[PDB]
file entry.cif (mmCIF, C-alpha atoms and all ligand atoms)
data_final
loop_
_atom_site.label_atom_id
_atom_site.label_comp_id
_atom_site.auth_asym_id
_atom_site.auth_seq_id
_atom_site.Cartn_x
_atom_site.Cartn_y
_atom_site.Cartn_z
CA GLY I 1 -67.07 43.37 0.63
CA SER I 2 -64.40 44.70 -1.72
CA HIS I 3 -63.38 41.65 -3.77
CA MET I 4 -62.33 41.75 -7.42
CA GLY I 5 -65.68 40.54 -8.68
CA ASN I 6 -68.20 43.30 -9.39
CA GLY I 7 -69.22 43.00 -13.01
CA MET I 8 -67.03 42.28 -16.00
CA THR I 9 -63.32 42.34 -15.23
CA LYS I 10 -60.85 44.44 -17.21
CA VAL I 11 -58.27 42.11 -18.73
CA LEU I 12 -56.50 44.71 -20.85
CA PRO I 13 -57.33 48.24 -22.03
CA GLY I 14 -60.34 47.69 -24.30
CA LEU I 15 -60.90 44.03 -23.28
CA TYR I 16 -63.21 42.50 -20.65
CA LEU I 17 -64.38 39.15 -19.28
CA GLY I 18 -67.88 38.52 -17.99
CA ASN I 19 -70.87 36.26 -17.41
CA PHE I 20 -74.43 36.29 -18.79
CA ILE I 21 -75.44 38.89 -16.20
CA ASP I 22 -72.67 41.36 -17.09
CA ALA I 23 -73.57 40.92 -20.78
CA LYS I 24 -77.02 42.44 -20.08
CA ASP I 25 -75.95 45.01 -17.51
CA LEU I 26 -76.62 48.29 -19.37
CA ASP I 27 -74.98 50.21 -16.56
CA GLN I 28 -71.81 48.14 -16.84
CA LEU I 29 -71.92 48.28 -20.63
CA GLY I 30 -72.15 52.07 -20.59
CA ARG I 31 -69.66 52.53 -17.78
CA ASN I 32 -67.06 50.52 -19.72
CA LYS I 33 -68.09 51.93 -23.12
CA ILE I 34 -68.41 48.37 -24.46
CA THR I 35 -68.84 48.52 -28.25
CA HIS I 36 -68.19 44.87 -29.07
CA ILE I 37 -69.15 41.57 -27.53
CA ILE I 38 -68.35 37.96 -28.25
CA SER I 39 -71.11 35.71 -26.97
CA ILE I 40 -70.07 32.11 -26.38
CA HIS I 41 -73.44 30.51 -25.67
CA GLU I 42 -75.13 27.39 -27.06
CA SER I 43 -78.20 29.38 -28.17
CA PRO I 44 -78.86 32.77 -29.87
CA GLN I 45 -79.83 35.64 -27.57
CA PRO I 46 -81.51 39.02 -28.14
CA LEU I 47 -78.79 41.50 -29.13
CA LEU I 48 -78.48 44.96 -27.58
CA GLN I 49 -78.50 48.00 -29.87
CA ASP I 50 -75.31 49.86 -30.72
CA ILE I 51 -73.12 46.82 -30.09
CA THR I 52 -71.44 44.56 -32.63
CA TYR I 53 -71.80 40.89 -31.76
CA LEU I 54 -69.90 37.79 -32.67
CA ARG I 55 -71.82 34.61 -31.87
CA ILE I 56 -69.88 31.49 -30.90
CA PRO I 57 -72.33 28.59 -30.20
CA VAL I 58 -70.17 26.41 -27.98
CA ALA I 59 -70.92 24.47 -24.81
CA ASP I 60 -68.57 24.17 -21.83
CA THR I 61 -67.23 20.62 -22.17
CA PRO I 62 -63.59 19.52 -22.56
CA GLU I 63 -64.38 17.76 -25.84
CA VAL I 64 -65.63 20.87 -27.64
CA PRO I 65 -63.01 22.27 -30.04
CA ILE I 66 -63.28 26.00 -29.22
CA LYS I 67 -59.82 26.21 -30.78
CA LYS I 68 -61.61 26.29 -34.11
CA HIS I 69 -62.86 29.77 -33.21
CA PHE I 70 -59.60 31.22 -31.86
CA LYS I 71 -58.53 32.91 -35.09
CA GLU I 72 -61.81 34.66 -35.78
CA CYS I 73 -62.26 35.74 -32.14
CA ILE I 74 -58.75 37.13 -31.87
CA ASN I 75 -59.20 39.01 -35.14
CA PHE I 76 -62.51 40.40 -33.95
CA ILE I 77 -61.04 41.56 -30.63
CA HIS I 78 -57.92 43.07 -32.17
CA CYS I 79 -59.83 45.01 -34.82
CA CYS I 80 -62.09 46.38 -32.09
CA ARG I 81 -59.20 47.41 -29.82
CA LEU I 82 -56.94 49.03 -32.42
CA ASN I 83 -59.94 50.95 -33.76
CA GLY I 84 -60.86 52.54 -30.44
CA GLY I 85 -63.58 50.19 -29.21
CA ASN I 86 -64.09 47.98 -26.16
CA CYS I 87 -64.74 44.26 -26.29
CA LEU I 88 -66.51 42.13 -23.70
CA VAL I 89 -66.12 38.38 -24.09
CA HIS I 90 -68.61 36.37 -22.04
CA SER I 91 -69.95 32.88 -21.31
CA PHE I 92 -72.75 31.92 -18.89
CA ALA I 93 -70.83 31.28 -15.65
CA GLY I 94 -67.96 33.56 -16.55
CA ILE I 95 -65.59 30.70 -15.73
CA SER I 96 -64.08 28.68 -18.57
CA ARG I 97 -65.33 29.46 -22.12
CA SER I 98 -64.82 33.24 -22.22
CA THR I 99 -61.60 32.78 -20.26
CA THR I 100 -60.21 30.41 -22.89
CA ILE I 101 -60.86 32.82 -25.76
CA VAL I 102 -59.31 35.80 -23.92
CA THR I 103 -56.24 33.78 -22.84
CA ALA I 104 -55.61 32.79 -26.44
CA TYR I 105 -55.82 36.47 -27.41
CA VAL I 106 -53.40 37.66 -24.74
CA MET I 107 -51.04 34.82 -25.61
CA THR I 108 -50.76 36.04 -29.20
CA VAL I 109 -50.32 39.75 -28.41
CA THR I 110 -47.78 39.11 -25.63
CA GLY I 111 -46.07 35.98 -26.93
CA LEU I 112 -46.40 34.47 -23.46
CA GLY I 113 -47.57 30.95 -22.54
CA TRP I 114 -51.10 30.07 -21.41
CA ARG I 115 -50.06 29.33 -17.84
CA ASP I 116 -48.46 32.72 -17.23
CA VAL I 117 -51.36 34.37 -19.06
CA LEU I 118 -54.03 32.44 -17.12
CA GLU I 119 -52.24 33.18 -13.83
CA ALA I 120 -52.08 36.85 -14.79
CA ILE I 121 -55.79 36.82 -15.61
CA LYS I 122 -56.61 35.11 -12.29
CA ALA I 123 -55.01 38.05 -10.47
CA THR I 124 -57.86 40.23 -11.78
CA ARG I 125 -60.50 37.49 -11.77
CA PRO I 126 -59.80 34.57 -9.36
CA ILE I 127 -62.76 32.56 -10.64
CA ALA I 128 -61.01 32.23 -14.02
CA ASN I 129 -60.72 28.56 -14.87
CA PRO I 130 -60.94 27.00 -18.33
CA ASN I 131 -61.93 23.32 -18.35
CA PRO I 132 -59.18 20.63 -18.70
CA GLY I 133 -59.87 20.18 -22.41
CA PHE I 134 -59.65 23.88 -23.22
CA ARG I 135 -56.33 24.08 -21.39
CA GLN I 136 -54.88 21.43 -23.72
CA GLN I 137 -56.25 23.30 -26.71
CA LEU I 138 -54.57 26.39 -25.26
CA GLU I 139 -51.38 24.31 -25.03
CA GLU I 140 -51.62 23.50 -28.75
CA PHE I 141 -52.41 27.08 -29.72
CA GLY I 142 -49.40 28.32 -27.80
CA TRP I 143 -47.04 26.01 -29.66
CA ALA I 144 -48.56 26.23 -33.14
CA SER I 145 -50.76 29.21 -34.02
CA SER I 146 -49.99 31.91 -31.45
CA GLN I 147 -46.86 33.44 -33.05
CA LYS I 148 -48.17 33.10 -36.63
CA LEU I 149 -51.33 34.92 -35.63
CA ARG I 150 -49.39 37.78 -34.03
CA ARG I 151 -47.55 38.39 -37.30
CA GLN I 152 -50.86 38.05 -39.18
CA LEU I 153 -52.63 40.66 -37.03
CA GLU I 154 -49.78 43.07 -37.67
CA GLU I 155 -50.40 42.58 -41.39
CA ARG I 156 -54.19 42.92 -41.27
CA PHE I 157 -54.41 45.85 -38.86
CA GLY I 158 -50.87 47.15 -38.47
CA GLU I 159 -48.84 47.45 -35.26
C1 LIG C 1 -73.98 30.10 -13.03
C2 LIG C 1 -75.35 30.02 -12.42
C3 LIG C 1 -76.15 28.91 -13.06
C4 LIG C 1 -77.55 28.83 -12.46
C5 LIG C 1 -78.41 27.73 -13.08
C6 LIG C 1 -78.36 27.76 -14.60
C7 LIG C 1 -79.20 26.69 -15.25
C8 LIG C 1 -79.05 26.80 -16.76
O1 LIG C 1 -77.82 26.14 -17.07
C9 LIG C 1 -76.97 26.83 -18.00
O2 LIG C 1 -77.45 26.64 -19.36
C10 LIG C 1 -76.64 27.31 -20.37
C11 LIG C 1 -77.24 27.06 -21.75
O3 LIG C 1 -78.61 27.45 -21.79
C12 LIG C 1 -75.19 26.75 -20.30
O4 LIG C 1 -74.37 27.41 -21.25
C13 LIG C 1 -74.62 26.98 -18.90
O5 LIG C 1 -73.31 26.45 -18.84
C14 LIG C 1 -75.53 26.26 -17.90
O6 LIG C 1 -75.02 26.44 -16.59
#
call {"tool": "encode", "arguments": {"input": "entry.cif", "output": "structure tokens"}}
result
Amino acid sequence: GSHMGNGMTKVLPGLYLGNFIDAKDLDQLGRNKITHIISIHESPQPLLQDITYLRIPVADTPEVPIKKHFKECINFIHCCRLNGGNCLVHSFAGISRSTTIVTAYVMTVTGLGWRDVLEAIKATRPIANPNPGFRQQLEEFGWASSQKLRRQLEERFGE
């Protein structure tokens, strides 16, 4: 009965992962004081009041370059966290798309690789599994952009 899978999962203070159901769960949203949400869905959806949204129209296929949205998502999340908010990143199944964006974020703030990060995320959400293509994009991001972004965030929002 008690399995780590009852609503969005806390990934870090002020950061959560979820599916389309958690994204509409007012009880969950209130419980976790969610003030920001990143919706990674192919189509626009009615937005809940008192929440700041970031829409990322991307499908879950290994050919889709979600890496093109890493910078903006990480900046959105960071701003929200360092300013006392709570961000929920979600995708329909709560499996690969939202997971990819959050992994990229944690990689930049910790300086750790995507495998260790993904494995750490799985501990608190065993369904976590970005598609093969997103994992490669995570590979790139780790090598290239990760570190630069960390320094950038420090500049834009401070440490
Ligand atoms: C996870 C449970 C899925 C139950 C059947 C869902 C059928 C709709 O399918 C869903 O369409 C969405 C776009 O509209 C896609 O983003 C999702 O990946 C896709 O599963």
call {"tool": "closest_residue", "arguments": {"input": "entry.cif", "among": "I:85, I:142, I:57, I:130", "to": "ligand LIG 1 (chain C)", "atoms": "all atoms listed in the file"}}
result
I:57
call {"tool": "axis_aligned_box", "arguments": {"input": "entry.cif", "around": "ligand LIG 1 (chain C)", "padding_each_side": "4 Å", "output": "AutoDock Vina command-line options"}}
result
--center_x -76.3 --center_y 28.1 --center_z -17.1 --size_x 13.9 --size_y 12.0 --size_z 17.4
call {"tool": "atom_distance", "arguments": {"input": "entry.cif", "atom1": "atom CA of residue I:18", "atom2": "atom CA of residue I:95"}}
result
8.5 Å
call {"tool": "residues_near_ligand", "arguments": {"input": "entry.cif", "ligand": "ligand LIG 1 (chain C)", "cutoff": "7 Å", "atoms": "all atoms listed in the file", "output": "list in words"}}
result
residues 41, 42, 43, 59, 60, 92 and 93 of chain I
call {"tool": "write_last_selection", "arguments": {"input": "entry.cif", "atoms": "C-alpha atoms", "output": "PDB file, in the frame of the given file"}}
result
ATOM      1  CA  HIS I  41     -73.440  30.510 -25.670  1.00  0.00           C
ATOM      2  CA  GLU I  42     -75.130  27.390 -27.060  1.00  0.00           C
ATOM      3  CA  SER I  43     -78.200  29.380 -28.170  1.00  0.00           C
ATOM      4  CA  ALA I  59     -70.920  24.470 -24.810  1.00  0.00           C
ATOM      5  CA  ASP I  60     -68.570  24.170 -21.830  1.00  0.00           C
ATOM      6  CA  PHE I  92     -72.750  31.920 -18.890  1.00  0.00           C
ATOM      7  CA  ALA I  93     -70.830  31.280 -15.650  1.00  0.00           C
TER       8      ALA I  93
END
call {"tool": "atom_distance", "arguments": {"input": "entry.cif", "atom1": "atom CA of residue I:134", "atom2": "atom CA of residue I:62"}}
result
5.9 Å
call {"tool": "closest_residue", "arguments": {"input": "entry.cif", "among": "I:103, I:131, I:91, I:153", "to": "residue I:118", "atoms": "all atoms listed in the file"}}
result
I:103
call {"tool": "atom_distance", "arguments": {"input": "entry.cif", "atom1": "atom CA of residue I:37", "atom2": "atom CA of residue I:53"}}
result
5.0 Å
call {"tool": "closest_residue", "arguments": {"input": "entry.cif", "among": "I:126, I:84, I:94, I:5", "to": "residue I:39", "atoms": "all atoms listed in the file"}}
result
I:94
